[PDB]
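The structure under discussion appears below in the form of structure tokens.
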Amino acid sequence: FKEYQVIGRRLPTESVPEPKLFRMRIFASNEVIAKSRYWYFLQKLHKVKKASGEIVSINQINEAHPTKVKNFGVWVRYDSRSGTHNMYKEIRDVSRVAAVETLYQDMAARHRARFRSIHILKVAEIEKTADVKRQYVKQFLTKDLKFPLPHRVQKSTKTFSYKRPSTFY
Amino acid sequence: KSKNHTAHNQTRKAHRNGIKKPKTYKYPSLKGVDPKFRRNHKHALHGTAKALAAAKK
Amino acid sequence: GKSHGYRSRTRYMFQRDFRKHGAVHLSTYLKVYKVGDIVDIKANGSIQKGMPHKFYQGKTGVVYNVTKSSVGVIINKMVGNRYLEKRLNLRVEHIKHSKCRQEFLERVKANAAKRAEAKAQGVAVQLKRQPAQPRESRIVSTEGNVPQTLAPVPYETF
Amino acid sequence: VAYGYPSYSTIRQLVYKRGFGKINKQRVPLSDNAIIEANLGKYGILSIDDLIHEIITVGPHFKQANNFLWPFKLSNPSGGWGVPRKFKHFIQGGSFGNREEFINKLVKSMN
RNA sequence: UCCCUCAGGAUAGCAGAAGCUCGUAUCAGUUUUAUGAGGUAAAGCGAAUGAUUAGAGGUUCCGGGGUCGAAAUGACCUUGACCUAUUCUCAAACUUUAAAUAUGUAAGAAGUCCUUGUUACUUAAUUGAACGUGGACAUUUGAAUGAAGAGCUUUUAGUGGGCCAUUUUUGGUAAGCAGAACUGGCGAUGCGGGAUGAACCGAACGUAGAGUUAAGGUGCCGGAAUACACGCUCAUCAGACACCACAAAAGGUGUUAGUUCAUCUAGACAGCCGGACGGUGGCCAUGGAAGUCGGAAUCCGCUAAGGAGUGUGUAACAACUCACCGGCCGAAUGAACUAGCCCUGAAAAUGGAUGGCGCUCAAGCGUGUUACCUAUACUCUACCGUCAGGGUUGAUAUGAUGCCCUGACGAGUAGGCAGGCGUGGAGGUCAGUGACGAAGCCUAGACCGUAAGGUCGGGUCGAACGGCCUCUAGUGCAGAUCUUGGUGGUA
RNA sequence: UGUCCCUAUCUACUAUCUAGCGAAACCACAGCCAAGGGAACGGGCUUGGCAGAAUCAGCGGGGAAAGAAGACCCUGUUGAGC
RNA sequence: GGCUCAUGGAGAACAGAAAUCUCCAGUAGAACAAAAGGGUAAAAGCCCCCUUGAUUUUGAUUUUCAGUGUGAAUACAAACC
RNA sequence: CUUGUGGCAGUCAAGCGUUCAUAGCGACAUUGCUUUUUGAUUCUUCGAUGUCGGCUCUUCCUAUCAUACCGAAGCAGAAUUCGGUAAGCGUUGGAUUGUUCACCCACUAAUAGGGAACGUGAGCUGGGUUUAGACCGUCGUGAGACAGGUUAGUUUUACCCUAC
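Chains as they are written, first to last, in the entry's author numbering: chain S, 4 to 172; chain b, 3 to 59; chain T, 2 to 159; chain F, 134 to 244.
Here it is as structure tokens:
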């Protein structure tokens, strides 16, 4: 995935000079998707479609600090089989994009919600700890954390072994 | 016991070798045009023929 | 049995129009039709003489004959795999002129004016029409237009 | 179909390797800028690079240069399409429709 | 379309062939620009027609009556007829409005502009109308794209049971049911895939090589990662790939994620144990009701708190006990919902099928990323053929129906046409072969031909037969419960 | 009164084996199942189960076994008796 | 050529729900031989005046369609009304 | 194929059952499952797949009548009823009827329901059905008709392969 700034305006028809330039923060694997999604969302907010408007700028946005561990509190909306539901999940990751693709995977895994049936309402980094709601994140926010990895499964590149392989670590 | 009517394959049949325009000649069908306009028009054209047969010198 | 009468399936089309009932307005009759003039076919149900078949309702032809209360129109009738030359005899309330051909016949004179002018001047006429060209390179200025960051909406009932 | 915006490089590679012309229809390989300036010298194009010019920059004789060029017979792509199933639209994770700049990559692979 | 038509025919269509007139035209199952037409989807009913629920207001003049001084063209009602402004929900045979997709026409030499000619038509007219004469404007010839040649004609085959699929759709509980609309398919179609399948997906096919892919997959069968990555699921009836070979409502403190509200410095949940009261026999109903027959009220006292009472108990009390707070403990809870995968719901007959095996941080489900395997598809090349456009015996001997150059193409039932193969005879020719062996037959021997077939060697045999150019036909067999004759397996 | 409860036993002639003589019906090719799909009930197809010469006497599940261009029903612009 | 129809409202002896009379509103809610739909308000409706275009001659055109017939219809032309 | 119809089975629970929804039942609704009925259809078969029932005989299904062991109760006992695992085990003798179906008598622990080409005709039987003879009733002028009644009415072949 990638995060893209998409500024589209509206078609400048004289009698209407300087249309109000609407910016988005689309999550998309390339520009051809990032611009198609831009139009999809702005067709749900304003009377304008790709014919009646124009993309004036598309610019990839990178991570401010792409090696600081961050608690991403993401607000999301998804079409279920029966209805639609607004969710709040908390990803812990190193980039906004890496956190979002983990959300898309853990939404697809836990509610069978595929790409077409998910809207990313917001992806806000949680400033101060004690604002982290979910325990599956508050686990990894404990002073002087350590934990083993029992049952270390090494993998051969050959069919036969001679040693009776161990699972120690 | 049978079936009755279908317009299935009838387009395909038509378009295979066909759908064609009627070719549009110059000097069109002057038939079913106002009879008294015709009756006169003859004498007009005969007059123009005599006038160019006079002009040829 | 089945019904295939002349004015069959024509409830709503030979219907008059909402608050446009009653009399035909006289411009209809004062209008002049000549041979080679392209005319529409649209029946006025209030007038039940020289009225066209529902097929020809909506069609456009060209006038071939002109007589007292009526014209004669040539229409293209596809039947199977080939068009025929269908000659109608229509009273003058069931037809009108085509702005189709009016906008062409004024473009001919606009081209004639452009060319006859630009023959004896600095020439860059390009008489042919071109479709909607891919828009040229413009600079969009953000002076009191600092883009509004839109976000998608949460779901709510009503 | 798949379509997009053909770069200079990709156009040059296509008209070089797969340059074929329509001459008395008989689809004839170019192989020589004499064969271009014979048929398209009327319109002022005298070379392979002059033809590639009148395409890459949409010329007054674009129609003529493009209709002269025979429909390119490309092969299937080099490393495949990516795309497990082609016949979805590119945006969905398919291949068909307008792939803006990614046509260049596809076409060189198909070349 | 028509027929005593419905198992059939004529008809038109689709088809083949023979060509022909000319040479990129003004053609196109297409778009654009302009200009029509439409009454379907949607919408509407405080808009008409029709349907339809609810009150409020006026009723006043009027259909039901006194309640009442017998009595009120009357004070209070239920009232029917209505009218007014609101209200809920609807319409294949309602409608103001009104799409999308389909659909008409135009986008120019047969064009435009300026003069002028006849005419028995028309005009009050010297005005028109139709057709012209004579001039003028061809770079942009008056949108895009294509064009494989465009137009024209004659003749004639087969067919006229069709069926299937997404979408629209009628009848019907429904159907692998009946009948429609547009398109695509099977029929008439092989090939790769869905294990298998007429119709699904992918791709349509001369003979080969090489390369690359489609749909589909890559544990083993089985070519191809027991690939990588984040989760979910444990089933004593798991699950496993669209058409497609099923499962529903309703449930689960199974487990995962989520939504809203409430409690926490002793929470509160726990989870054990102190009290649950005085006034007061609270009003009426009654032998009786006193906390619990109910119409209902609801205050206080010290108050840590306790309904003028949540359940057992009595004729009625009394009593035990619930909220309600509290001595104890010590850091998250209480519901009410929502959906994921499982589980219950879940019963049919021979033994049994995610294709089989098996698979449990999968070889399951959801999703992402690469790599990888392979179709008669795509690219390059060879060769075969067909078609098209060309060159060339120009003295130039060896083939002008010849040779050669260049390009594209190749599926096929019914059917058409063309080029050939084979048989009995016929005319001509090779001064053909032949008792030193014709023809016939036999041949896990050979060579030619895409093929029909041809040619040769070996054997047997013993009297005729062949190539080529033409003529002619009782001319080519696997089927007809074919004919005759012979032969079998059963035996 | 073995019709039956409920069967049993016996005799002759068969069958059986031999010498001799020696047919016919039928026969696309044939001959193992389960499911699957499929002209909706397979010997052959797909996926499994499996599978070892030559065979003899019985048997009546199957070969939609054999006998015959359904005689019932419909159609036919086919007839006949009445 | 004159007029306006349904229905409602207010009114005139017998006469009342209904006989006739008068005014006011009245987009058709009437009427037009029938089925249904369309059409129509100084009319296509209702009342009154005169007639016989419901006529002669044959052709072209539209619907059904093979672009055959039949039926029905259209628009002219030439006569006479 | 379908499941209207039939058969069986849930969900909700107004209520019936002194009191008491659910011990046992259950209205108004509503979701299924089955192919032991009957329809709907006409896909297979009209150069035939022998067309009802019974007799015999095997196997299978479970939607369990009995038996084994259990749970529930408006279960004191006995008796019965409602379920669970469960098809291992059995589930009859007769009167009338061709009947399948039905209806009685009697014993039994019980006399459950079904499928397997509505199992089973080269296995039988041939009462019924449905050829030709014949009688009656009603209908038809009549020939004749009747899914009305009645009586008489040929049940062929294995020696082949497979299976056993």
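From the three backbone atoms N, C-alpha and C, an ideal C-beta is built for every residue, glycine too.
Backbone CA spacing between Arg130 of chain T and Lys196 of chain F [nearest angstrom] = Residue mapping note: residue 130 of chain T aligns to position 129 of the third sequence, counting from 1. Residue mapping note: residue 196 of chain F aligns to position 63 of the fourth sequence, counting from 1. Roughly 15 Å between the two C-alpha positions.
Anyone know if the C-beta pair for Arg95 of chain S and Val126 of chain S falls short of 8 Å?
-> The residue labelled residue 95 of chain S in the question sits at position 92 within the first sequence. The residue labelled residue 126 of chain S in the question sits at position 123 within the first sequence. Cβ distance not < 8 Å, so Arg95 of chain S and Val126 of chain S don't count as in contact.
Out of curiosity, what's the CA-to-CA distance linking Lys60 of chain T and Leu24 of chain S?
-> Your numbering for residue 60 of chain T matches position 59 in the third sequence. Your numbering for residue 24 of chain S matches position 21 in the first sequence. Going by the C-alpha atoms only, they are around 46 Å apart.
Proximal chain S residues relative to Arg232 of chain F, where beta-carbon distance stays under 7 Å = Here residue 232 of chain F refers to the residue found at position 99 when the fourth sequence is read from its first residue. By Cβ distance, chain S contributes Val35.
Residues that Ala16 of chain b contacts on chain T, provided the C-beta gap is smaller than 7 Å = Sequence index remark: in the second sequence, residue 16 of chain b carries index 14 (1-based). Within 7 Å Cβ-Cβ: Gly81 and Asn82.
Spatial distance of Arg26 of chain S from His54 of chain T (CA atoms) = Position 23 of the first sequence, counting from 1, holds the residue named residue 26 of chain S. Position 53 of the third sequence, counting from 1, holds the residue named residue 54 of chain T. One C-alpha to the other measures close to 57 Å.
Please name the residue or residues paired with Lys155 of chain F in a DSSP beta bridge.
-> What you label residue 155 of chain F is simply residue 22 of the fourth sequence in a count that begins at 1. According to DSSP, which records beta bridges pairwise, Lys155 of chain F is partnered with F:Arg160.
Can you tell me the Cα-Cα spacing of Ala112 of chain S and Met79 of chain T, whole angstroms?
-> For the purposes of this step, residue 112 of chain S is taken as the residue at position 109 of the first sequence. For the purposes of this step, residue 79 of chain T is taken as the residue at position 78 of the third sequence. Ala112 of chain S and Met79 of chain T have their C-alpha atoms some 59 Å from each other.
Chain F within 8 Å of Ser39 of chain S, Cβ atoms only = Position 36 of the first sequence, counting from 1, holds the residue named residue 39 of chain S. Yes, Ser39 of chain S counts as interfacial toward chain F.
Mind checking the segment 58-73 of chain S against chain T and listing, in chain order, the residues whose C-beta falls within less than 9 Å of any C-beta there?
-> So the list reads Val59 and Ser60, given in the order they occur along the chain.
Three-state secondary structure (DSSP) of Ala119 of chain T = If you number the third sequence from 1, residue 119 of chain T lands on position 118. DSSP places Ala119 of chain T in helix when its eight states are reduced to three.
In its own chain, which residues sit with a C-beta less than 8 Å from the C-beta of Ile181 of chain F, not counting the 5 before and 5 after it?
-> Position 48 of the fourth sequence, counting from 1, holds the residue named residue 181 of chain F. Excluding sequence neighbours, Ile181 of chain F sits near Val148, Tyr149, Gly152, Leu163, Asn166 and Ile169.
Can you give me, in chain order, the residues of the segment 112-133 of chain S that have a beta carbon less than 7 Å from any beta carbon in chain T?
-> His122, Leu124 and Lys125
Short Cβ contact (8 Å threshold) for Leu151 of chain T with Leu152 of chain S = For the purposes of this step, residue 151 of chain T is identified with residue 150 of the third sequence, where counting begins at 1. For the purposes of this step, residue 152 of chain S is identified with residue 149 of the first sequence, where counting begins at 1. The answer is no: Cβ separation not under 8 Å.
Use the C-beta contact count for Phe201 of chain F: other C-beta atoms within 10 angstroms, 16 or more gives buried, fewer gives exposed.
-> Locating residue 201 of chain F in the fourth sequence gives position 68, where the first residue counts as 1. Classification for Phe201 of chain F: buried.
Classification of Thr143 of chain F by the beta-carbon crowding that lies within 10 angstroms, buried from 16 upward | The residue given as residue 143 of chain F occupies position 10 in the fourth sequence. The residue is buried, with at least 16 neighbouring Cβ atoms inside 10 Å.
Coil, strand or helix - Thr87 of chain S by DSSP | By one-based count along the first sequence, residue 87 of chain S stands at place 84. Note: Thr87 of chain S maps to strand in three-state DSSP.
Between which two residues does the beta strand (DSSP E) harbouring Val51 of chain S extend?
-> The residue given as residue 51 of chain S occupies position 48 in the first sequence. Run containing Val51 of chain S: none; DSSP gives neither H nor E here.
Endpoints, the beta strand (DSSP E) within which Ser60 of chain S is located | In the first sequence, residue 60 of chain S corresponds to position 57, counting from 1. Its beta strand (DSSP E) spans residues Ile58 to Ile64.
Determine whether the Cβ of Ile10 of chain S lies closer than 8 Å to any Cβ atom of chain T.
-> Along the first sequence, one-based indexing puts residue 10 of chain S at 7. For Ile10 of chain S, the answer is yes, since a Cβ of chain T falls inside 8 Å of its Cβ.
Segment limits, alpha helix (DSSP H) that includes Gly62 of chain T = The residue you call residue 62 of chain T lines up with position 61 of the third sequence. Segment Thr61 to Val67 is the beta strand (DSSP E) holding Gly62 of chain T; no alpha helix (DSSP H) there.
So what does DSSP say about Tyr81 of chain S, is it helix, strand or coil?
-> Indexing the first sequence from 1 puts residue 81 of chain S at position 78. Three-state DSSP puts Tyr81 of chain S in a strand.
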